[PDB]
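Next up: just one chain, as structure tokens, the form deposited in one PDB entry.
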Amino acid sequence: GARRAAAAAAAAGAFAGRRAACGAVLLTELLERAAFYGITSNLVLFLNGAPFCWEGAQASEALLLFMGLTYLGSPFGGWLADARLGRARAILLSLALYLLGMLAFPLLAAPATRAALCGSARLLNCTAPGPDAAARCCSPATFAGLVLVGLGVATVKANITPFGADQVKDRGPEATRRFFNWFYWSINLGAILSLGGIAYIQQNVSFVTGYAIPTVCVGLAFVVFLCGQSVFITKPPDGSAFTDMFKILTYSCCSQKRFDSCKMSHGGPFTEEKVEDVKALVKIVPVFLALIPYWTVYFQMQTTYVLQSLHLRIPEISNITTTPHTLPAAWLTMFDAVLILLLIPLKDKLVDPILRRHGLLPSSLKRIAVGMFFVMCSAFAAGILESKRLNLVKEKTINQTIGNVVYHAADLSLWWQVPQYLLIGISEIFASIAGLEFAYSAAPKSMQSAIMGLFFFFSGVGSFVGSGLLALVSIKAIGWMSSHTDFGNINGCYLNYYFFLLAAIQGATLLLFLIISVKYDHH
């Protein structure tokens, strides 16, 4: 018990005379998240309403391909970070590519540069009369910008978190946990700022002045990272010998091709440290495999919550003061970020000292399990509200308006969704941060960035699996999602059964993860 009081000194003194570097890292992450969410908030709507009038399916496919590229680029970004380059140099290069890729969109928004670019001058005005039509216009420039921005965001996401984690490595794991808590807090703050301001300006002022802001944000992030590079000296990895470790991994795999790994490696050139690294990698891979369904259910629930909210009563007299012409569809997603922003400081200042006080959770796997339990509870709560609505809709309906689509909603207030998101928020403040901590703690000291990239890649694989599951349940044979051929007509479909299925999947995943976590802790 007294050792907990001893470690409380490190916990309180975690932010020693190095706070400037932590602030710079948090600010860079906040600006990067703001730019990313500004880009991803209204990409489909921007593509549809642009003079290059794409189809809705084409815009959805483009956004999905961009997201998949962002998920896929993380392991390669980590490889580039730890091999042939340093961590800070990789961050700088990725941010430069990020800015270069994102600069394309404001030029496309501006009519003069839009006409100058794409060599096509497509002004068919969508519904305006026209002699037939062509395929996706402005394809080269748009695709180049999308691939550049996706690669940049993937690389920064893979590389920034382990760098900031090792920045405070001098202290104990409690310092790393506090840093990850504030890192997630900064991420949510940036997401809130973006989803509010950038979406408001894009939907209600202009795209030309809307897409210019993310470019300024990424420029500020690059500038602050460059300025803080001089004062960082956060024990830079300076990766030049780490390149050898990756090929020693391939040699260890060839040992399989030519504790078996340890018994062959012993007298073999494979030195003990590389043996421990490969054994750790083999141990940690199943943890990611078990976490895949958690990512699936989390992403699917995040997607379905906005759809559920779209068909509830819009509160607050529909913003009577300064009437919201074409109310943006980003604040519904921002509810979760607001709840996380409220929860995180309270957790960090109260719960962590209380848990660490007597004997409670010293490991992240248990926190992930608790978060998954909260996810299952939130899924059950969401299922119930959906069921009542699908029966309370049988009565008269009220024609509301979000954006420029006349939604049909029941006479049920939106605030009834406060519990679900609340549980979700709790789950996140237990799960995600802990997972990040695990992704930093169990990884070998030479290839943390690669492990982070694999973590994000597996999260993306889970998201893709969730989208595929939604497509599967959309089949007429089941009939749960049959009228969902547009922005949303959930009135004619059963989402409560889908919520219950998500809850059951989350429960099974929780049991499997408990088993796997116990096995990992044993070894």
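Only residues modelled in both forms are compared. Start at 1 with the first residue shown and count on from there. Throughout, rigid core stands for the largest set of C-alpha atoms superposing within 1.5 Å between the two forms.
What comes next is about the form solved in complex with a small molecule, which does not appear here.
J.: Using a 4.5 Å heavy atom cut-off, which of 92 to 100, 223 to 231, 298 to 306, 200 to 208 contacts the small molecule in the deposited complex?
T.: Looking at the partner contacts, the answer comes out as 298 to 306.
J.: Which residue among 150, 435, 444, 164 has a heavy atom within 4.5 angstroms of the small molecule in the deposited complex?
T.: Selected option: 435.
J.: Taking 4.5 Å between heavy atoms as the contact cutoff, choose which of 440, 79, 184, 105 touches the small molecule in the deposited complex.
T.: Here the answer is residue option 184.
J.: Determine whether any heavy atom of residue 451 comes within 4.5 Å of a heavy atom of the small molecule in the deposited complex, and answer yes or no.
T.: No, residue 451 stays farther than 4.5 Å from the small molecule in the deposited complex.
J.: Is residue 195 close enough to touch the small molecule in the deposited complex, meaning at least one heavy atom pair within 4.5 Å?
T.: Residue-level check for residue 195: yes, a contact with the small molecule.
J.: Residue 154 near the small molecule in the deposited complex, any heavy atom under 4.5 Å?
T.: No.
J.: Should residue 188 be classed as touching the small molecule in the deposited complex when contacts are defined as heavy atoms within 4.5 Å?
T.: Residue 188: yes, in contact with the small molecule in the deposited complex.
J.: If you line up the core, which of 21, 504, 10, 514 has a CA that moves 2 Å or more between the shown form and the other one?
T.: Result of the comparison: 10.
J.: Just to spell it out: taking the C-alpha atom of residue 427 and the C-alpha atom of residue 9, is that distance smaller or larger in the deposited complex than in the structure shown here, given it changes by 3 Å or more?
T.: So the answer is closer.
J.: Against the shown form, C-alpha atoms of residue 367 and residue 9 in the deposited complex: closer or farther, for a change of 3 Å or more?
T.: Compared with this form, residue 367 and residue 9 lie closer in the deposited complex.
J.: Once the core is lined up, would you list the consecutive runs of at least three residues whose Cα atoms each shift 2 Å or more between the shown form and the other one?
T.: Residues 3 to 13, 315 to 319 form the shifted runs.
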